[PDB]
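Raw entry_27.txt, compact mmCIF, C-alpha atoms and all ligand atoms:
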```txt
# COMPACT_ATOMS: atom_id res chain seq x y z
CA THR G 2 0.25 134.18 195.15
CA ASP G 3 -1.44 131.21 193.38
CA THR G 4 -0.38 127.96 195.16
CA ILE G 5 -0.08 124.59 193.35
CA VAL G 6 0.63 121.08 194.71
CA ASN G 7 3.36 119.33 192.65
CA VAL G 8 3.17 115.54 192.11
CA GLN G 9 6.09 113.86 190.28
CA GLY G 10 5.62 112.68 186.67
CA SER G 11 4.76 109.15 185.66
CA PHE G 12 6.52 106.18 187.21
CA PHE G 13 8.28 103.79 184.81
CA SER G 14 9.45 100.19 185.37
CA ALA G 15 10.83 97.25 183.41
CA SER G 16 11.25 93.81 184.98
CA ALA G 17 12.05 90.16 184.26
CA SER G 18 11.99 87.02 186.42
CA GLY G 19 14.46 84.20 185.72
CA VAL G 20 16.41 85.85 182.88
CA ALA G 21 18.94 83.20 181.70
CA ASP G 22 22.77 83.09 181.96
CA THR G 23 23.50 85.32 178.92
CA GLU G 24 20.01 86.78 178.22
CA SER G 25 18.95 90.40 178.85
CA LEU G 26 16.25 92.87 179.92
CA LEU G 27 15.68 95.23 176.97
CA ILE G 28 14.39 98.48 178.49
CA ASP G 29 12.57 100.22 175.63
CA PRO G 30 11.26 103.85 175.84
CA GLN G 31 8.44 102.87 173.44
CA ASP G 32 6.71 101.37 176.53
CA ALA G 33 6.55 104.81 178.23
CA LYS G 34 3.56 107.08 177.43
CA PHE G 35 5.70 110.26 177.23
CA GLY G 36 8.21 108.38 175.03
CA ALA G 37 11.37 109.02 177.12
CA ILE G 38 12.66 107.36 180.32
CA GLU G 39 15.15 108.17 183.08
CA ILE G 40 16.19 105.02 184.98
CA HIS G 41 17.11 105.78 188.59
CA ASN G 42 17.19 102.23 190.00
CA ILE G 43 18.53 98.88 188.81
CA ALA G 44 17.89 96.01 191.23
CA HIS G 45 19.82 92.91 190.10
CA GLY G 46 19.65 89.35 191.52
CA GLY G 47 23.26 88.63 190.43
CA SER G 48 26.07 90.09 188.29
CA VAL G 49 25.03 92.18 185.24
CA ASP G 50 26.46 94.34 182.44
CA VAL G 51 24.58 97.55 181.59
CA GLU G 52 24.71 98.62 177.93
CA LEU G 53 23.31 101.74 176.21
CA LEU G 54 22.35 101.25 172.56
CA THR G 55 21.19 103.44 169.68
CA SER G 56 19.14 101.72 166.96
CA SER G 57 19.44 102.32 163.21
CA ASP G 58 15.64 101.71 163.05
CA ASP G 59 12.81 103.80 164.55
CA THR G 60 10.85 101.02 166.32
CA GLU G 61 13.08 97.88 166.51
CA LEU G 62 16.62 97.52 167.92
CA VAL G 63 19.18 97.11 165.11
CA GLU G 64 22.44 98.19 166.79
CA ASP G 65 24.07 101.39 165.43
CA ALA G 66 26.01 102.37 168.59
CA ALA G 67 26.66 100.35 171.77
CA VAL G 68 28.49 101.38 174.98
CA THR G 69 28.84 99.26 178.14
CA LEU G 70 28.02 101.71 180.95
CA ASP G 71 29.12 99.60 183.94
CA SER G 72 29.41 96.08 185.41
CA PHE G 73 27.54 95.36 188.66
CA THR G 74 28.52 92.28 190.72
CA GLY G 75 26.61 90.36 193.42
CA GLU G 76 22.95 90.93 194.37
CA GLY G 77 21.95 94.52 195.16
CA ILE G 78 20.73 98.00 194.18
CA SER G 79 22.22 100.68 191.99
CA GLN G 80 20.23 103.88 192.69
CA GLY G 81 20.33 107.64 192.00
CA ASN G 82 21.34 107.11 188.34
CA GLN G 83 20.12 109.24 185.44
CA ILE G 84 20.44 106.62 182.66
CA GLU G 85 18.49 108.35 179.89
CA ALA G 86 16.77 106.94 176.79
CA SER G 87 14.02 107.96 174.33
CA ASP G 88 12.14 106.51 171.37
CA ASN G 89 12.78 109.44 168.99
CA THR G 90 16.54 109.30 169.68
CA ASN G 91 16.19 105.50 169.10
CA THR G 92 17.87 104.77 172.45
CA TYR G 93 17.54 101.40 174.25
CA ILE G 94 19.01 100.26 177.61
CA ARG G 95 20.08 96.59 177.88
CA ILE G 96 20.84 94.77 181.14
CA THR G 97 22.71 91.48 180.44
CA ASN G 98 22.96 88.66 183.03
CA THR G 99 26.56 87.46 183.69
CA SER G 100 25.81 85.12 186.65
CA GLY G 101 26.30 81.34 186.41
CA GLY G 102 22.50 80.95 186.35
CA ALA G 103 19.11 82.71 186.13
CA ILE G 104 18.45 86.04 187.95
CA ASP G 105 15.66 88.58 188.58
CA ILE G 106 16.02 92.22 187.36
CA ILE G 107 13.87 95.27 188.25
CA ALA G 108 14.60 98.68 186.73
CA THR G 109 12.63 101.74 187.89
CA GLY G 110 12.55 105.46 187.23
CA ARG G 111 10.29 108.04 185.63
CA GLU G 112 9.10 109.26 182.24
CA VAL G 113 10.43 112.47 180.62
CA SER G 114 8.76 114.30 177.70
CA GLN G 115 10.04 113.19 174.29
CA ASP U 199 -14.48 182.41 204.62
CA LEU U 200 -11.78 181.52 207.20
CA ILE U 201 -14.29 180.83 209.98
CA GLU U 202 -16.07 178.36 207.67
CA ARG U 203 -12.64 176.88 206.68
CA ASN U 204 -11.70 176.51 210.37
CA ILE U 205 -15.14 175.09 211.27
CA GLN U 206 -14.46 172.54 208.50
CA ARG U 207 -10.95 171.79 209.91
CA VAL U 208 -12.30 171.40 213.50
CA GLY U 209 -15.09 169.07 212.22
CA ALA U 210 -12.72 166.94 210.08
CA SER U 211 -10.08 166.83 212.90
CA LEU U 212 -12.69 165.44 215.36
CA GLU U 213 -14.04 162.94 212.77
CA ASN U 214 -10.42 161.77 212.25
CA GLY U 215 -10.18 161.35 216.07
CA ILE U 216 -13.42 159.24 216.10
CA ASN U 217 -11.92 157.10 213.31
CA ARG U 218 -8.63 156.61 215.21
CA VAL U 219 -10.49 155.52 218.38
CA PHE U 220 -12.73 153.21 216.29
CA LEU U 221 -9.92 151.61 214.23
CA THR U 222 -7.60 151.17 217.24
CA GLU U 223 -10.38 149.35 219.16
CA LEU U 224 -11.44 147.31 216.12
CA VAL U 225 -7.87 146.10 215.42
CA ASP U 226 -6.73 145.67 219.07
CA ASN U 227 -9.74 143.77 220.50
CA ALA U 228 -10.87 141.32 217.73
CA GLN U 229 -10.99 137.85 219.36
CA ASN U 230 -10.41 136.05 216.04
CA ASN U 231 -7.34 136.12 213.81
CA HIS U 232 -6.46 134.71 210.41
CA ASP U 233 -2.68 134.30 210.15
CA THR U 234 -2.03 134.49 206.38
CA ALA U 235 1.71 133.70 206.81
CA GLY U 236 2.61 135.92 203.78
CA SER U 237 0.46 133.71 201.45
CA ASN U 238 -3.15 133.40 200.07
CA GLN U 239 -3.76 137.05 201.03
CA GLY U 240 -6.81 138.56 199.25
CA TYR U 241 -10.08 136.64 198.78
CA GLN U 242 -8.87 133.47 200.57
CA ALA U 243 -7.74 135.53 203.60
CA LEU U 244 -11.11 137.41 203.64
CA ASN U 245 -13.09 134.15 203.28
CA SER U 246 -10.94 132.46 205.99
CA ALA U 247 -11.53 135.45 208.33
CA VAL U 248 -15.33 135.17 207.68
MG MG S 301 12.41 105.12 168.01
MG MG S 302 -12.33 131.70 217.57
```
Could you render the structure as structure tokens?
Ligand SMILES: [Mg+2]
Ligand SMILES: [Mg+2]
Amino acid sequence: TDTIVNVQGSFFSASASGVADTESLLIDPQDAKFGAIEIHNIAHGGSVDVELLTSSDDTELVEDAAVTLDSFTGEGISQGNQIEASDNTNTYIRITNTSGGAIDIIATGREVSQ
Amino acid sequence: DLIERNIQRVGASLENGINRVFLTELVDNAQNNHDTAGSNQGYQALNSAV
């Protein structure tokens, strides 16, 4: 009988303006308050490689495992993803620019409990 | 005492009749309505009706 209104759990975003020709956006779950993130959207101003990394260290990225998830080309939106990372699993998401110049990158999603 | 029993039955039977007439009127002719729509029935339905 009891009726509750459901609002979705905390928004998460990582962004960079003018990330250089081989530089990257390091999406780090440490920046989320619940400690884990689920990236739905990656808006990219040019071609990018997406890479999922596990660190050998609890709080800095020192690469243990690395897998390139996909390559996106042109300017556009990838949406409806469930790219998943958390601090306690030491998981980082990297978006690397592969354009012949600087681009803008905006990743968005929501927090998940650690 | 069967006459007392039957006096009791006749009394109760009429009182039941009064109650039928009363309830039927009360339910049929109320100008206000609170449509619960299968939800918040109980106190919230009573309070909403008030
Ligand atoms: Mg960690
Ligand atoms: Mg009215």
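Residues in contact with ligand MG 301 (chain S) comprise residues 29, 30, 31, 36, 37, 55, 56, 57, 58, 59, 60, 61, 62, 86, 87, 88, 89, 90, 91, 92 and 93 of chain G, where contact means an atom-to-atom distance of at most 10 Å counting only C-alpha atoms and all ligand atoms.
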Practice problem: Report as a PyMOL selection string the set of chain G residues whose atoms approach chain U to within 10 Å, with distances computed over all atoms listed in the file. | Solution: chain G and resi 2-4
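The nearest approach to residue 78 of chain G among the residues G:43, G:26, G:63, G:96, with only C-alpha atoms taken into account, belongs to G:43.
Summary of the local environment: counting all atoms listed in the file, residues at most 7 Å from segment 10-24 of chain G, other than itself and those fewer than 2 positions away along its chain, are residues 8, 26, 28, 33, 97, 98, 99, 100, 101, 102, 103, 104, 105, 106, 107, 108, 109, 110, 111 and 112 of chain G.
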Exercise. Check every protein, DNA and RNA residue against ligand MG 302 (chain S), keep those with an atom at most 12 Å away (counting only C-alpha atoms and all ligand atoms), and present them as a PyMOL selection string.
Key: chain U and resi 228-232+246-248
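Atom CA of residue 113 of chain G is found 28.4 Å from atom CA of residue 48 of chain G.
Picture a line from atom CA of residue 40 of chain G to atom CA of residue 27 of chain G; it runs 12.7 Å.
Counting from atom CA of residue 82 of chain G, the distance to atom CA of residue 42 of chain G is 6.6 Å.
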Quiz item: Which polymer residues, protein or nucleic acid, are no farther than 6 Å from (21.4, 90.5, 192.7), counting all atoms listed in the file, as a count of residues only?
Solution: 6
Completion step: segment 10-31 of chain G with N, CA and C atoms as an mmCIF file, in the coordinates of the input:
```
data_model
loop_
_atom_site.group_PDB
_atom_site.id
_atom_site.type_symbol
_atom_site.label_atom_id
_atom_site.label_comp_id
_atom_site.auth_asym_id
_atom_site.auth_seq_id
_atom_site.Cartn_x
_atom_site.Cartn_y
_atom_site.Cartn_z
ATOM 1 N N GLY G 10 6.074 113.242 187.934
ATOM 2 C CA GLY G 10 5.620 112.680 186.670
ATOM 3 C C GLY G 10 5.771 111.172 186.619
ATOM 4 N N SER G 11 5.133 110.556 185.621
ATOM 5 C CA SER G 11 4.760 109.150 185.660
ATOM 6 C C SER G 11 5.942 108.243 185.959
ATOM 7 N N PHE G 12 5.688 107.324 186.888
ATOM 8 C CA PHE G 12 6.520 106.180 187.210
ATOM 9 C C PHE G 12 6.745 105.329 185.960
ATOM 10 N N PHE G 13 7.946 104.747 185.855
ATOM 11 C CA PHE G 13 8.280 103.790 184.810
ATOM 12 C C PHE G 13 9.020 102.596 185.424
ATOM 13 N N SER G 14 8.710 101.375 184.959
ATOM 14 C CA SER G 14 9.450 100.190 185.370
ATOM 15 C C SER G 14 9.508 99.135 184.267
ATOM 16 N N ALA G 15 10.646 98.446 184.203
ATOM 17 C CA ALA G 15 10.830 97.250 183.410
ATOM 18 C C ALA G 15 11.350 96.149 184.327
ATOM 19 N N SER G 16 10.849 94.921 184.144
ATOM 20 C CA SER G 16 11.250 93.810 184.980
ATOM 21 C C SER G 16 11.244 92.491 184.217
ATOM 22 N N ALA G 17 12.050 91.544 184.706
ATOM 23 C CA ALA G 17 12.050 90.160 184.260
ATOM 24 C C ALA G 17 12.380 89.247 185.428
ATOM 25 N N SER G 18 11.690 88.102 185.490
ATOM 26 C CA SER G 18 11.990 87.020 186.420
ATOM 27 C C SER G 18 12.675 85.887 185.673
ATOM 28 N N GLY G 19 13.737 85.339 186.265
ATOM 29 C CA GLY G 19 14.460 84.200 185.720
ATOM 30 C C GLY G 19 15.053 84.427 184.340
ATOM 31 N N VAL G 20 15.703 85.575 184.121
ATOM 32 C CA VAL G 20 16.410 85.850 182.880
ATOM 33 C C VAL G 20 17.708 85.032 182.861
ATOM 34 N N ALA G 21 17.931 84.257 181.785
ATOM 35 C CA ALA G 21 18.940 83.200 181.700
ATOM 36 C C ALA G 21 20.370 83.746 181.655
ATOM 37 N N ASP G 22 21.373 82.849 181.597
ATOM 38 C CA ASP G 22 22.770 83.090 181.960
ATOM 39 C C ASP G 22 23.515 84.083 181.069
ATOM 40 N N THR G 23 22.932 84.423 179.915
ATOM 41 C CA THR G 23 23.500 85.320 178.920
ATOM 42 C C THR G 23 22.399 86.135 178.224
ATOM 43 N N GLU G 24 21.162 86.046 178.731
ATOM 44 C CA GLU G 24 20.010 86.780 178.220
ATOM 45 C C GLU G 24 19.959 88.170 178.865
ATOM 46 N N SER G 25 18.977 88.995 178.468
ATOM 47 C CA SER G 25 18.950 90.400 178.850
ATOM 48 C C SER G 25 17.539 90.963 178.986
ATOM 49 N N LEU G 26 17.420 92.004 179.822
ATOM 50 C CA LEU G 26 16.250 92.870 179.920
ATOM 51 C C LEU G 26 16.449 94.048 178.973
ATOM 52 N N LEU G 27 15.636 94.116 177.910
ATOM 53 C CA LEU G 27 15.680 95.230 176.970
ATOM 54 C C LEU G 27 14.676 96.301 177.403
ATOM 55 N N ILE G 28 15.190 97.351 178.056
ATOM 56 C CA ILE G 28 14.390 98.480 178.490
ATOM 57 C C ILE G 28 14.213 99.409 177.291
ATOM 58 N N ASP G 29 12.957 99.555 176.863
ATOM 59 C CA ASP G 29 12.570 100.220 175.630
ATOM 60 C C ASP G 29 11.688 101.423 175.954
ATOM 61 N N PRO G 30 12.098 102.673 175.628
ATOM 62 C CA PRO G 30 11.260 103.850 175.840
ATOM 63 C C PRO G 30 9.922 103.886 175.103
ATOM 64 N N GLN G 31 9.719 103.001 174.119
ATOM 65 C CA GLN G 31 8.440 102.870 173.440
ATOM 66 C C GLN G 31 7.319 102.495 174.411
#
```
